[PDB]
């Protein structure tokens, strides 16, 4: 079934319940996921109204872009030309600059396919917005099916050569409560390398590092507490994880990562080359989620995209989008319950 309701500030809340009684909900404010629940328990972090997101934290669950991550000095080169983007974190451009696409009300259309329901969000980024060449016509289709598969499909077309590499910022917390650390979840990640950060500014350091056999090797399922208790300088730098991981094998068919807690597990599939993991290293912030004060490590992201830092490390990939080319991306979050 489908239910639409006023989410505040002129935004809508779109809730989908599949045949298995699983409920997932989204909002047009930032083409974002707000909740995902099973048997009354929330699997992800989210607020109860549009206002909360604009006052507390606008990233959770949102479509971020046009470029996800930090861009050193807000500098990108396009067709040999240097372009300066909006700088919203010191000199860096973080998640597309200030008042980016996650803060806008997107238009949308719901398509009921029976076993599957689709919500297609659209937004036009004008040419010059936050320094990005355009216009860029973008759409993010969030879908949910009777197999408990939540899929995200991106599409974009630009009138001019530009850059584009968005992502989904959902934070998972199988504890169903923000006051509870995810240190108890087990994680499996099919990546043998990672991208270290230069320092507290969080820009990339410049190199690619092999993590095989270190506290960050999750090639074999392990509890996050390990990583959390690690003394690797990289973990110590950010007090948790806040880094890009390079997937070993590319393709939408492989389970790239898996987050597990008890009988409940979430598998991640993507056509993207990397997964950026952030473990809500907020310390004492205490953001309130559903009346619960969030704890340091009270959530984990799986941002699928091209790794940030390509500006300095070309081997990472190329985020350019040529005029007239159609950009496409697909990321899947699959829910599973042990019998």
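Numbering follows the first chain given and starts at 1.
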{"property": "Between 130 to 138 and 172 to 180 (mean CA B-factor, as deposited), the higher", "result": "172 to 180"}
{"property": "Given 84 to 92 and 255 to 263, the range whose Cα B-factors average higher in the PDB entry", "result": "255 to 263"}
{"property": "40, 309, 30, 65, ranked by C-alpha B-factor: the highest one", "result": "40"}
{"property": "Identity of residue with top Cα B-factor, from 103, 162, 165, 223", "result": "223"}
{"property": "CA B-factor placement of residue 273, once the chain's modelled residues are sorted into thirds", "result": "middle"}
{"property": "CA B-factor ranking of residue 57, expressed as a third of its chain", "result": "middle"}
{"property": "Third of chain Cα B-factors occupied by residue 214", "result": "highest"}
{"property": "Position of residue 23 among the chain's modelled residues by C-alpha B-factor, lowest, middle or highest third", "result": "highest"}
{"property": "For residue 195, the third of its chain into which the C-alpha B factor falls", "result": "middle"}
